[PDB]
Student: 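Quick one: the structure is below, and I'll ask about it shortly.
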Amino acid sequence: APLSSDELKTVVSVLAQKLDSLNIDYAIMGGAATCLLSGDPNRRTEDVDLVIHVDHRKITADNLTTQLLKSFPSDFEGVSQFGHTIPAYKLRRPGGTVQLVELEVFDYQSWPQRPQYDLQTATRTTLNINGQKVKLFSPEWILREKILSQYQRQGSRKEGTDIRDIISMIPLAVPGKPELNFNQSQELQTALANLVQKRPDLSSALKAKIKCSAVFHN
Ligand SMILES: [Mg+2]
Ligand SMILES: [Mg+2]
Ligand SMILES: [Mg+2]
């Protein structure tokens, strides 16, 4: 079930509380981030995707499952769909029953080919949900991911949502962040060329936020 905006906010505020209490640095990405930054309550998602920072304790994304189940047994339970146990938050509905919300957790050490997961350098932001600080990747970071995604998923059922997500993010971006400088990424240059070919009406709004000499000569 896609989570309502209210529900999503309950899930991430609790997760933020628990990660903070374990002193694990993190940032939320994916549909949750997009939804949290949306002005449209109809934009909804079904799980929470995040990156955590691994330090000397070696609480890797995989190892976090055990730590959550051990420290917060009231709030998390293990879910296994393909013989791999991951943590799910136990979202209580008003009538008292539990709706499981899966957590898709990543770390840089395990994905060296995704330097976007480096929490020490990625451009990031926070939201304050009724007093709780919730850590997210920034709109600039998200837009980079989405520009790539719309090209890689072109012709898929999700293409339209992606493009809608791009359009939502562009105005929240500011210029000058590394994630929106595409001069050293052939793959983002190509993805961007594909986007502005499809949606030339977005070209000036993107150009204001993105540095890419190949496409925008800026
Ligand atoms: Mg997701
Ligand atoms: Mg395990
Ligand atoms: Mg109920």
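Residue numbers run from 1 in the order of the sequence given. In each ligand, atom 1 is the first atom listed, and ligand 1 is the first ligand listed. What's counted below: heavy atoms across the whole structure, side chains too, no hydrogens, waters or symmetry copies.
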Student: Which of parallel (below 30°), tilted (30 to 60°) and perpendicular (above 60°) describes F106 and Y117?
Tutor: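 Ring orientation, 0 to 90° scale: tilted.
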Student: Return the name of the atom in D47, of element N, O or S, nearest to the Mg ion (ligand 1).
Tutor: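 The nearest such atom is OD1.
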Student: Can you tell me if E46 has an N, O or S atom under 2.8 Å away from the Mg ion (ligand 1)?
Tutor: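 No.
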Student: Do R144 and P178 have side chains that approach each other closer than 4.5 Å (heavy atoms only, starting at C-beta)?
Tutor: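 A side-chain contact is absent here, since even the closest heavy-atom pair is not under 4.5 Å.
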Student: Can you tell which of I142, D162, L192 makes a side chain to side chain contact (heavy atoms under 4.5 Å, CB included) with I147?
Tutor: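 Running side chain to side chain contact (heavy atoms under 4.5 Å, CB included) over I142, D162, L192 with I147 returns exactly one hit, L192.
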Student: Hey, are the side chains of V105 and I86 touching, using non-hydrogen atoms and a 4.5 Å cut-off?
Tutor: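 Counting from C-beta outward, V105 and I86 never come under 4.5 Å.
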Student: Would you name the N/O/S atom of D49 that lies closest to the Mg ion (ligand 1)?
Tutor: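 Closest to the Mg ion (ligand 1) among those atoms: OD1.
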